[PDB]
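What follows is a short report on a single structure.
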Amino acid sequence: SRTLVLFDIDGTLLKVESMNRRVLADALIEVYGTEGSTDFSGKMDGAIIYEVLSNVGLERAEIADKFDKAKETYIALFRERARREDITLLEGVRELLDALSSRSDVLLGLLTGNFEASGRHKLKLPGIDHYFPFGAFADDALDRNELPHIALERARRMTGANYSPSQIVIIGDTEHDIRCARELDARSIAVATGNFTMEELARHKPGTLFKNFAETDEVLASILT
Ligand SMILES: [Cl-]
Ligand SMILES: [Mg+2]
Ligand SMILES: [Mg+2]
């Protein structure tokens with residue numbers, strides 16, 4: 001009965017203006033001297049830092065040495081520059097989150113490639129951060145496939161619920177979302193509101209596939225059942 005529902009942010013709940021890419025580039029120039037070189041849909045913020053820097057010849061150990069400062073600089077710069085007008089809430093998202101959060105049998109959480117501080121700043125601008133009491137984030141791993149385990153442990157410690165696979169729902173817009181759900185044999189719901197079409201997403205065998213979340217009642221039925 002009790003259901004755990006985990007949402008990706010970018011291309012699932014909202015989108016951000018191209019300034020996001022430039023905030024990162026600026027933070028890396030500040031810390032390492034280079035923005036690297038330089039799609040990152042569904043990827044972990046930490047893995048993106050390693051990739052773009054390693055592309056220009058930096059060793060992993062060299063990247064690691066200043067990684068935390070690069071992270072902090074990126075977060076601070078994002079919080080400084082981003083405005084509400086940079087964020088676009090996707091179709092039906094607020095309606096869906098209201099429908100879920102009003103149910104006692106539902107626990108909502110985030111499972112995202114964003115660092116928590118910047119991912120939650122994105123959610124705060126349009127005023128949907130308040131729906132998400134916990135999550136797993138890029139602070140927790142470089143590999144998205146470690147996150148479901150971490151989120152499951154956190155949810156269980158919060159509620160005392162021992163969610164079974166059919167009680168866990170992982171929602172996102174890329175193959176990486178679908179793939180990380182397999183870690184828990186969870187129910188994956190993919191939504192084709194990012195850079196990948198239904199035809200593309202369908203090859204990864206999501207449990208369910210939506211075009212978008214316009215029909216709140218049907219998305220809810222699909223999530224709870
Ligand atoms: Cl909020
Ligand atoms: Mg996404
Ligand atoms: Mg080398």
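Just so we're on the same page: first chain in the structure tokens is A, next is B, and so on; residues restart at 1 for each chain, and ligands are numbered from 1 in the order they show up.
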Can you list, as a PDB file with N, CA and C atoms, in the first residue's frame, every residue of range 54-222 of chain A that DSSP puts in helix (DSSP H, G or I)?
```pdb
ATOM      1  N   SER A  54      38.392  16.084 -18.174  1.00  0.00           N
ATOM      2  CA  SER A  54      39.253  15.030 -18.661  1.00  0.00           C
ATOM      3  C   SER A  54      39.415  15.103 -20.211  1.00  0.00           C
ATOM      4  N   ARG A  60      42.420  12.505 -13.469  1.00  0.00           N
ATOM      5  CA  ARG A  60      41.325  12.415 -12.487  1.00  0.00           C
ATOM      6  C   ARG A  60      41.753  12.965 -11.149  1.00  0.00           C
ATOM      7  N   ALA A  61      42.957  12.614 -10.722  1.00  0.00           N
ATOM      8  CA  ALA A  61      43.485  13.093  -9.438  1.00  0.00           C
ATOM      9  C   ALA A  61      43.559  14.602  -9.404  1.00  0.00           C
ATOM     10  N   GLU A  62      43.925  15.207 -10.532  1.00  0.00           N
ATOM     11  CA  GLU A  62      43.992  16.687 -10.642  1.00  0.00           C
ATOM     12  C   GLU A  62      42.602  17.341 -10.550  1.00  0.00           C
ATOM     13  N   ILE A  63      41.632  16.724 -11.206  1.00  0.00           N
ATOM     14  CA  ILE A  63      40.262  17.193 -11.118  1.00  0.00           C
ATOM     15  C   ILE A  63      39.773  17.050  -9.672  1.00  0.00           C
ATOM     16  N   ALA A  64      39.995  15.873  -9.087  1.00  0.00           N
ATOM     17  CA  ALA A  64      39.576  15.565  -7.707  1.00  0.00           C
ATOM     18  C   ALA A  64      40.103  16.552  -6.679  1.00  0.00           C
ATOM     19  N   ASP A  65      41.343  16.987  -6.862  1.00  0.00           N
ATOM     20  CA  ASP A  65      41.975  17.908  -5.929  1.00  0.00           C
ATOM     21  C   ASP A  65      41.205  19.207  -5.702  1.00  0.00           C
ATOM     22  N   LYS A  66      40.543  19.721  -6.735  1.00  0.00           N
ATOM     23  CA  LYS A  66      39.786  20.965  -6.611  1.00  0.00           C
ATOM     24  C   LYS A  66      38.284  20.773  -6.827  1.00  0.00           C
ATOM     25  N   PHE A  67      37.833  19.530  -6.838  1.00  0.00           N
ATOM     26  CA  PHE A  67      36.432  19.220  -7.144  1.00  0.00           C
ATOM     27  C   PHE A  67      35.468  19.935  -6.196  1.00  0.00           C
ATOM     28  N   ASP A  68      35.703  19.827  -4.888  1.00  0.00           N
ATOM     29  CA  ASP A  68      34.770  20.429  -3.920  1.00  0.00           C
ATOM     30  C   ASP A  68      34.669  21.931  -4.098  1.00  0.00           C
ATOM     31  N   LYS A  69      35.798  22.602  -4.335  1.00  0.00           N
ATOM     32  CA  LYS A  69      35.753  24.038  -4.629  1.00  0.00           C
ATOM     33  C   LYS A  69      34.991  24.364  -5.935  1.00  0.00           C
ATOM     34  N   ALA A  70      35.197  23.557  -6.972  1.00  0.00           N
ATOM     35  CA  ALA A  70      34.429  23.688  -8.225  1.00  0.00           C
ATOM     36  C   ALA A  70      32.930  23.527  -7.974  1.00  0.00           C
ATOM     37  N   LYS A  71      32.560  22.500  -7.213  1.00  0.00           N
ATOM     38  CA  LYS A  71      31.156  22.299  -6.824  1.00  0.00           C
ATOM     39  C   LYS A  71      30.589  23.543  -6.146  1.00  0.00           C
ATOM     40  N   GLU A  72      31.260  24.020  -5.088  1.00  0.00           N
ATOM     41  CA  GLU A  72      30.768  25.153  -4.313  1.00  0.00           C
ATOM     42  C   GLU A  72      30.657  26.428  -5.153  1.00  0.00           C
ATOM     43  N   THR A  73      31.626  26.641  -6.035  1.00  0.00           N
ATOM     44  CA  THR A  73      31.637  27.816  -6.911  1.00  0.00           C
ATOM     45  C   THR A  73      30.439  27.762  -7.882  1.00  0.00           C
ATOM     46  N   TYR A  74      30.213  26.594  -8.483  1.00  0.00           N
ATOM     47  CA  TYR A  74      29.070  26.366  -9.383  1.00  0.00           C
ATOM     48  C   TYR A  74      27.731  26.658  -8.673  1.00  0.00           C
ATOM     49  N   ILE A  75      27.562  26.083  -7.484  1.00  0.00           N
ATOM     50  CA  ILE A  75      26.327  26.250  -6.727  1.00  0.00           C
ATOM     51  C   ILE A  75      26.084  27.723  -6.401  1.00  0.00           C
ATOM     52  N   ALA A  76      27.112  28.388  -5.887  1.00  0.00           N
ATOM     53  CA  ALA A  76      26.995  29.781  -5.494  1.00  0.00           C
ATOM     54  C   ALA A  76      26.681  30.657  -6.699  1.00  0.00           C
ATOM     55  N   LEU A  77      27.361  30.391  -7.812  1.00  0.00           N
ATOM     56  CA  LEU A  77      27.128  31.172  -9.039  1.00  0.00           C
ATOM     57  C   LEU A  77      25.722  30.942  -9.595  1.00  0.00           C
ATOM     58  N   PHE A  78      25.251  29.696  -9.534  1.00  0.00           N
ATOM     59  CA  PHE A  78      23.910  29.366  -9.995  1.00  0.00           C
ATOM     60  C   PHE A  78      22.889  30.138  -9.157  1.00  0.00           C
ATOM     61  N   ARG A  79      23.074  30.126  -7.839  1.00  0.00           N
ATOM     62  CA  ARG A  79      22.139  30.791  -6.932  1.00  0.00           C
ATOM     63  C   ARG A  79      22.158  32.291  -7.131  1.00  0.00           C
ATOM     64  N   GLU A  80      23.303  32.817  -7.544  1.00  0.00           N
ATOM     65  CA  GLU A  80      23.467  34.235  -7.782  1.00  0.00           C
ATOM     66  C   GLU A  80      22.782  34.680  -9.068  1.00  0.00           C
ATOM     67  N   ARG A  81      22.919  33.905 -10.134  1.00  0.00           N
ATOM     68  CA  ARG A  81      22.501  34.379 -11.453  1.00  0.00           C
ATOM     69  C   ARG A  81      21.100  33.939 -11.875  1.00  0.00           C
ATOM     70  N   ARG A  84      13.634  33.417 -11.815  1.00  0.00           N
ATOM     71  CA  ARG A  84      12.409  32.655 -12.097  1.00  0.00           C
ATOM     72  C   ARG A  84      12.209  32.482 -13.592  1.00  0.00           C
ATOM     73  N   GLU A  85      12.537  33.526 -14.341  1.00  0.00           N
ATOM     74  CA  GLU A  85      12.367  33.527 -15.800  1.00  0.00           C
ATOM     75  C   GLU A  85      13.267  32.544 -16.545  1.00  0.00           C
ATOM     76  N   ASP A  86      14.278  32.025 -15.857  1.00  0.00           N
ATOM     77  CA  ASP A  86      15.150  30.980 -16.398  1.00  0.00           C
ATOM     78  C   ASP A  86      14.544  29.574 -16.288  1.00  0.00           C
ATOM     79  N   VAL A  93       2.840  19.550 -14.061  1.00  0.00           N
ATOM     80  CA  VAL A  93       3.716  19.184 -12.945  1.00  0.00           C
ATOM     81  C   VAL A  93       3.161  19.613 -11.574  1.00  0.00           C
ATOM     82  N   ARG A  94       2.715  20.864 -11.447  1.00  0.00           N
ATOM     83  CA  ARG A  94       2.240  21.331 -10.138  1.00  0.00           C
ATOM     84  C   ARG A  94       0.983  20.552  -9.717  1.00  0.00           C
ATOM     85  N   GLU A  95       0.087  20.329 -10.683  1.00  0.00           N
ATOM     86  CA  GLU A  95      -1.136  19.560 -10.487  1.00  0.00           C
ATOM     87  C   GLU A  95      -0.824  18.136 -10.014  1.00  0.00           C
ATOM     88  N   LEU A  96       0.200  17.534 -10.599  1.00  0.00           N
ATOM     89  CA  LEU A  96       0.555  16.158 -10.288  1.00  0.00           C
ATOM     90  C   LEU A  96       1.152  16.064  -8.878  1.00  0.00           C
ATOM     91  N   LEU A  97       2.021  17.011  -8.548  1.00  0.00           N
ATOM     92  CA  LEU A  97       2.675  17.028  -7.254  1.00  0.00           C
ATOM     93  C   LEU A  97       1.656  17.312  -6.145  1.00  0.00           C
ATOM     94  N   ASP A  98       0.703  18.210  -6.375  1.00  0.00           N
ATOM     95  CA  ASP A  98      -0.399  18.402  -5.432  1.00  0.00           C
ATOM     96  C   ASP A  98      -1.197  17.122  -5.183  1.00  0.00           C
ATOM     97  N   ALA A  99      -1.519  16.407  -6.260  1.00  0.00           N
ATOM     98  CA  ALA A  99      -2.295  15.173  -6.193  1.00  0.00           C
ATOM     99  C   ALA A  99      -1.572  14.096  -5.388  1.00  0.00           C
ATOM    100  N   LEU A 100      -0.249  14.000  -5.550  1.00  0.00           N
ATOM    101  CA  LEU A 100       0.550  13.020  -4.838  1.00  0.00           C
ATOM    102  C   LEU A 100       0.798  13.372  -3.383  1.00  0.00           C
ATOM    103  N   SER A 101       1.082  14.641  -3.127  1.00  0.00           N
ATOM    104  CA  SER A 101       1.545  15.052  -1.819  1.00  0.00           C
ATOM    105  C   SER A 101       0.410  15.092  -0.796  1.00  0.00           C
ATOM    106  N   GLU A 116      22.374  18.762  -4.635  1.00  0.00           N
ATOM    107  CA  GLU A 116      21.162  19.127  -3.910  1.00  0.00           C
ATOM    108  C   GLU A 116      20.931  20.620  -3.878  1.00  0.00           C
ATOM    109  N   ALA A 117      21.969  21.409  -3.614  1.00  0.00           N
ATOM    110  CA  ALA A 117      21.738  22.822  -3.353  1.00  0.00           C
ATOM    111  C   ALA A 117      21.252  23.521  -4.627  1.00  0.00           C
ATOM    112  N   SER A 118      21.834  23.147  -5.774  1.00  0.00           N
ATOM    113  CA  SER A 118      21.450  23.737  -7.056  1.00  0.00           C
ATOM    114  C   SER A 118      20.160  23.117  -7.633  1.00  0.00           C
ATOM    115  N   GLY A 119      19.991  21.814  -7.468  1.00  0.00           N
ATOM    116  CA  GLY A 119      18.746  21.130  -7.875  1.00  0.00           C
ATOM    117  C   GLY A 119      17.566  21.720  -7.114  1.00  0.00           C
ATOM    118  N   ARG A 120      17.717  21.920  -5.800  1.00  0.00           N
ATOM    119  CA  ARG A 120      16.606  22.478  -5.006  1.00  0.00           C
ATOM    120  C   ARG A 120      16.387  23.958  -5.277  1.00  0.00           C
ATOM    121  N   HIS A 121      17.434  24.683  -5.664  1.00  0.00           N
ATOM    122  CA  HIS A 121      17.243  26.084  -6.074  1.00  0.00           C
ATOM    123  C   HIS A 121      16.404  26.148  -7.369  1.00  0.00           C
ATOM    124  N   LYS A 122      16.675  25.251  -8.304  1.00  0.00           N
ATOM    125  CA  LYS A 122      15.816  25.177  -9.479  1.00  0.00           C
ATOM    126  C   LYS A 122      14.307  24.955  -9.107  1.00  0.00           C
ATOM    127  N   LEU A 123      14.044  24.101  -8.117  1.00  0.00           N
ATOM    128  CA  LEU A 123      12.682  23.736  -7.717  1.00  0.00           C
ATOM    129  C   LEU A 123      12.045  24.888  -6.933  1.00  0.00           C
ATOM    130  N   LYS A 124      12.868  25.607  -6.182  1.00  0.00           N
ATOM    131  CA  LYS A 124      12.392  26.752  -5.367  1.00  0.00           C
ATOM    132  C   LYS A 124      11.915  27.967  -6.175  1.00  0.00           C
ATOM    133  N   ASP A 129       9.661  23.152  -4.505  1.00  0.00           N
ATOM    134  CA  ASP A 129      10.661  22.450  -3.673  1.00  0.00           C
ATOM    135  C   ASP A 129      10.009  21.833  -2.437  1.00  0.00           C
ATOM    136  N   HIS A 130       9.019  22.547  -1.892  1.00  0.00           N
ATOM    137  CA  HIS A 130       8.320  22.178  -0.652  1.00  0.00           C
ATOM    138  C   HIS A 130       7.690  20.754  -0.710  1.00  0.00           C
ATOM    139  N   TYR A 131       7.431  20.246  -1.908  1.00  0.00           N
ATOM    140  CA  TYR A 131       6.877  18.905  -2.056  1.00  0.00           C
ATOM    141  C   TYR A 131       7.856  17.765  -1.696  1.00  0.00           C
ATOM    142  N   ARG A 144      24.808   7.250 -11.399  1.00  0.00           N
ATOM    143  CA  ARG A 144      23.357   7.406 -11.114  1.00  0.00           C
ATOM    144  C   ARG A 144      22.808   6.122 -10.503  1.00  0.00           C
ATOM    145  N   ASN A 145      23.440   5.010 -10.854  1.00  0.00           N
ATOM    146  CA  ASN A 145      22.998   3.677 -10.398  1.00  0.00           C
ATOM    147  C   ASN A 145      23.243   3.343  -8.938  1.00  0.00           C
ATOM    148  N   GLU A 146      24.020   4.173  -8.242  1.00  0.00           N
ATOM    149  CA  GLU A 146      24.130   4.109  -6.778  1.00  0.00           C
ATOM    150  C   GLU A 146      22.960   4.806  -6.059  1.00  0.00           C
ATOM    151  N   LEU A 147      22.338   5.786  -6.716  1.00  0.00           N
ATOM    152  CA  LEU A 147      21.297   6.622  -6.086  1.00  0.00           C
ATOM    153  C   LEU A 147      20.003   5.942  -5.580  1.00  0.00           C
ATOM    154  N   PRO A 148      19.434   4.980  -6.332  1.00  0.00           N
ATOM    155  CA  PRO A 148      18.201   4.325  -5.883  1.00  0.00           C
ATOM    156  C   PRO A 148      18.379   3.649  -4.521  1.00  0.00           C
ATOM    157  N   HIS A 149      19.511   2.986  -4.329  1.00  0.00           N
ATOM    158  CA  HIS A 149      19.802   2.325  -3.068  1.00  0.00           C
ATOM    159  C   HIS A 149      19.830   3.315  -1.936  1.00  0.00           C
ATOM    160  N   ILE A 150      20.543   4.411  -2.146  1.00  0.00           N
ATOM    161  CA  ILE A 150      20.662   5.482  -1.169  1.00  0.00           C
ATOM    162  C   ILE A 150      19.299   6.098  -0.825  1.00  0.00           C
ATOM    163  N   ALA A 151      18.513   6.438  -1.847  1.00  0.00           N
ATOM    164  CA  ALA A 151      17.154   6.926  -1.636  1.00  0.00           C
ATOM    165  C   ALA A 151      16.279   5.902  -0.931  1.00  0.00           C
ATOM    166  N   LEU A 152      16.357   4.619  -1.297  1.00  0.00           N
ATOM    167  CA  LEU A 152      15.546   3.605  -0.606  1.00  0.00           C
ATOM    168  C   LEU A 152      15.876   3.531   0.910  1.00  0.00           C
ATOM    169  N   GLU A 153      17.164   3.519   1.238  1.00  0.00           N
ATOM    170  CA  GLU A 153      17.608   3.498   2.635  1.00  0.00           C
ATOM    171  C   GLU A 153      17.105   4.710   3.407  1.00  0.00           C
ATOM    172  N   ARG A 154      17.223   5.879   2.801  1.00  0.00           N
ATOM    173  CA  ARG A 154      16.745   7.113   3.431  1.00  0.00           C
ATOM    174  C   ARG A 154      15.241   7.097   3.649  1.00  0.00           C
ATOM    175  N   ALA A 155      14.492   6.605   2.673  1.00  0.00           N
ATOM    176  CA  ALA A 155      13.031   6.576   2.787  1.00  0.00           C
ATOM    177  C   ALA A 155      12.617   5.637   3.941  1.00  0.00           C
ATOM    178  N   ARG A 156      13.234   4.467   3.981  1.00  0.00           N
ATOM    179  CA  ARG A 156      12.963   3.454   5.014  1.00  0.00           C
ATOM    180  C   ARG A 156      13.268   3.979   6.443  1.00  0.00           C
ATOM    181  N   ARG A 157      14.354   4.733   6.592  1.00  0.00           N
ATOM    182  CA  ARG A 157      14.728   5.319   7.869  1.00  0.00           C
ATOM    183  C   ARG A 157      13.746   6.426   8.272  1.00  0.00           C
ATOM    184  N   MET A 158      13.114   7.043   7.285  1.00  0.00           N
ATOM    185  CA  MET A 158      12.144   8.100   7.551  1.00  0.00           C
ATOM    186  C   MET A 158      10.788   7.590   7.960  1.00  0.00           C
ATOM    187  N   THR A 159      10.297   6.557   7.280  1.00  0.00           N
ATOM    188  CA  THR A 159       8.930   6.096   7.472  1.00  0.00           C
ATOM    189  C   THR A 159       8.834   4.755   8.216  1.00  0.00           C
ATOM    190  N   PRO A 165       9.656  -3.849  -4.366  1.00  0.00           N
ATOM    191  CA  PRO A 165       9.895  -3.328  -5.712  1.00  0.00           C
ATOM    192  C   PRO A 165       8.656  -2.714  -6.387  1.00  0.00           C
ATOM    193  N   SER A 166       7.494  -3.361  -6.270  1.00  0.00           N
ATOM    194  CA  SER A 166       6.284  -2.864  -6.920  1.00  0.00           C
ATOM    195  C   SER A 166       5.753  -1.624  -6.258  1.00  0.00           C
ATOM    196  N   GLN A 167       6.244  -1.334  -5.055  1.00  0.00           N
ATOM    197  CA  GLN A 167       5.885  -0.095  -4.327  1.00  0.00           C
ATOM    198  C   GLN A 167       6.830   1.096  -4.573  1.00  0.00           C
ATOM    199  N   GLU A 175      17.239   7.466 -20.773  1.00  0.00           N
ATOM    200  CA  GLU A 175      17.630   6.087 -20.544  1.00  0.00           C
ATOM    201  C   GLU A 175      18.260   5.888 -19.159  1.00  0.00           C
ATOM    202  N   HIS A 176      18.864   6.941 -18.601  1.00  0.00           N
ATOM    203  CA  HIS A 176      19.569   6.816 -17.322  1.00  0.00           C
ATOM    204  C   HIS A 176      18.584   6.665 -16.167  1.00  0.00           C
ATOM    205  N   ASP A 177      17.459   7.366 -16.263  1.00  0.00           N
ATOM    206  CA  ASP A 177      16.373   7.208 -15.332  1.00  0.00           C
ATOM    207  C   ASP A 177      15.829   5.778 -15.378  1.00  0.00           C
ATOM    208  N   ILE A 178      15.556   5.310 -16.572  1.00  0.00           N
ATOM    209  CA  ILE A 178      14.974   4.006 -16.710  1.00  0.00           C
ATOM    210  C   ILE A 178      15.939   2.956 -16.158  1.00  0.00           C
ATOM    211  N   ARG A 179      17.220   3.157 -16.429  1.00  0.00           N
ATOM    212  CA  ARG A 179      18.243   2.161 -16.114  1.00  0.00           C
ATOM    213  C   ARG A 179      18.467   2.124 -14.608  1.00  0.00           C
ATOM    214  N   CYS A 180      18.461   3.284 -13.970  1.00  0.00           N
ATOM    215  CA  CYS A 180      18.754   3.265 -12.513  1.00  0.00           C
ATOM    216  C   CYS A 180      17.622   2.581 -11.710  1.00  0.00           C
ATOM    217  N   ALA A 181      16.404   2.592 -12.248  1.00  0.00           N
ATOM    218  CA  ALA A 181      15.269   1.915 -11.622  1.00  0.00           C
ATOM    219  C   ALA A 181      15.461   0.405 -11.545  1.00  0.00           C
ATOM    220  N   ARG A 182      16.184  -0.156 -12.503  1.00  0.00           N
ATOM    221  CA  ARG A 182      16.419  -1.590 -12.533  1.00  0.00           C
ATOM    222  C   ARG A 182      17.219  -2.055 -11.308  1.00  0.00           C
ATOM    223  N   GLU A 183      17.984  -1.144 -10.703  1.00  0.00           N
ATOM    224  CA  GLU A 183      18.735  -1.437  -9.475  1.00  0.00           C
ATOM    225  C   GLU A 183      17.868  -2.007  -8.359  1.00  0.00           C
ATOM    226  N   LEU A 184      16.618  -1.560  -8.277  1.00  0.00           N
ATOM    227  CA  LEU A 184      15.728  -2.007  -7.215  1.00  0.00           C
ATOM    228  C   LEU A 184      14.590  -2.864  -7.732  1.00  0.00           C
ATOM    229  N   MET A 198       9.511   9.244 -27.467  1.00  0.00           N
ATOM    230  CA  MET A 198       8.928   7.978 -27.019  1.00  0.00           C
ATOM    231  C   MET A 198       9.576   6.823 -27.751  1.00  0.00           C
ATOM    232  N   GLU A 199       9.781   6.978 -29.055  1.00  0.00           N
ATOM    233  CA  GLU A 199      10.422   5.908 -29.830  1.00  0.00           C
ATOM    234  C   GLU A 199      11.802   5.603 -29.296  1.00  0.00           C
ATOM    235  N   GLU A 200      12.551   6.643 -28.953  1.00  0.00           N
ATOM    236  CA  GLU A 200      13.882   6.448 -28.398  1.00  0.00           C
ATOM    237  C   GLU A 200      13.820   5.770 -27.016  1.00  0.00           C
ATOM    238  N   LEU A 201      12.986   6.310 -26.137  1.00  0.00           N
ATOM    239  CA  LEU A 201      12.853   5.801 -24.773  1.00  0.00           C
ATOM    240  C   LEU A 201      12.317   4.383 -24.679  1.00  0.00           C
ATOM    241  N   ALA A 202      11.526   3.970 -25.662  1.00  0.00           N
ATOM    242  CA  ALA A 202      10.863   2.701 -25.627  1.00  0.00           C
ATOM    243  C   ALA A 202      11.851   1.521 -25.768  1.00  0.00           C
ATOM    244  N   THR A 216      -3.597  14.518 -15.331  1.00  0.00           N
ATOM    245  CA  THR A 216      -3.185  14.258 -13.949  1.00  0.00           C
ATOM    246  C   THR A 216      -3.725  12.940 -13.405  1.00  0.00           C
ATOM    247  N   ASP A 217      -5.036  12.740 -13.534  1.00  0.00           N
ATOM    248  CA  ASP A 217      -5.706  11.529 -13.050  1.00  0.00           C
ATOM    249  C   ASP A 217      -5.078  10.257 -13.586  1.00  0.00           C
ATOM    250  N   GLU A 218      -4.742  10.236 -14.869  1.00  0.00           N
ATOM    251  CA  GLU A 218      -4.113   9.056 -15.462  1.00  0.00           C
ATOM    252  C   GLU A 218      -2.672   8.854 -15.009  1.00  0.00           C
ATOM    253  N   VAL A 219      -1.935   9.937 -14.799  1.00  0.00           N
ATOM    254  CA  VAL A 219      -0.579   9.779 -14.320  1.00  0.00           C
ATOM    255  C   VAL A 219      -0.649   9.230 -12.892  1.00  0.00           C
ATOM    256  N   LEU A 220      -1.535   9.775 -12.073  1.00  0.00           N
ATOM    257  CA  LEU A 220      -1.704   9.302 -10.709  1.00  0.00           C
ATOM    258  C   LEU A 220      -2.054   7.805 -10.675  1.00  0.00           C
ATOM    259  N   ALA A 221      -3.017   7.397 -11.503  1.00  0.00           N
ATOM    260  CA  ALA A 221      -3.421   5.996 -11.572  1.00  0.00           C
ATOM    261  C   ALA A 221      -2.237   5.126 -11.927  1.00  0.00           C
ATOM    262  N   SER A 222      -1.404   5.616 -12.830  1.00  0.00           N
ATOM    263  CA  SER A 222      -0.285   4.833 -13.265  1.00  0.00           C
ATOM    264  C   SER A 222       0.759   4.729 -12.152  1.00  0.00           C
TER     265      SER A 222
END
```
Env of residue 9 in chain A: 12 Å cut, atoms = only C-alpha atoms, seq-sep filter 5 positions within chain, self excluded. Answer as a PyMOL selection string. chain A and resi 14-16+41-44+87-90+93+109-116+118-124+128-129+132+135-137+170-174+177+191+193-194
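If you measure from each of A:133, A:127, A:207, A:160 to ligand 1 using only C-alpha atoms and all ligand atoms, the closest one turns out to be A:127.
Closest to ligand 1 among A:82, A:49, A:125, A:19 is A:125, based on only C-alpha atoms and all ligand atoms.
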Could you check the closest approach to ligand 3 for each of A:58, A:13, A:48, A:209 and tell me which residue wins, using only C-alpha atoms and all ligand atoms?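 Using only C-alpha atoms and all ligand atoms, ligand 3 sits closest to A:58.
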Quick one: of A:55, A:24, A:29, A:195, who's nearest to ligand 2, counting only C-alpha atoms and all ligand atoms? A:195
Could you pull out the strand (DSSP E or B) residues of chain A, going by DSSP on the backbone, and write them as a PyMOL selection string? chain A and resi 3-7+10+14-16+87-89+106-111+135-136+168-172+187-191+208-210
From the options A:139, A:102, A:208, A:189, which residue's atoms come nearest to residue 8 in chain A, counting only C-alpha atoms?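 Ranking A:139, A:102, A:208, A:189 by distance to residue 8 in chain A, first place goes to A:189.
Atom pair CA of residue 225 in chain A / atom 1 (Cl, counted along the ligand's line) of ligand 1: separated by 27.7 Å.
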What is the distance between CA of residue 206 in chain A and CA of residue 186 in chain A, in Å to one decimal?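 CA of residue 186 in chain A lies at a distance of 10.2 Å from CA of residue 206 in chain A.
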Which distance in Å separates CA of residue 12 in chain A and CA of residue 138 in chain A, to one decimal? 16.8 Å
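Minimum atom-to-atom distance to residue 223 in chain A, evaluated using only C-alpha atoms, belongs to A:107 out of A:162, A:51, A:203, A:107.
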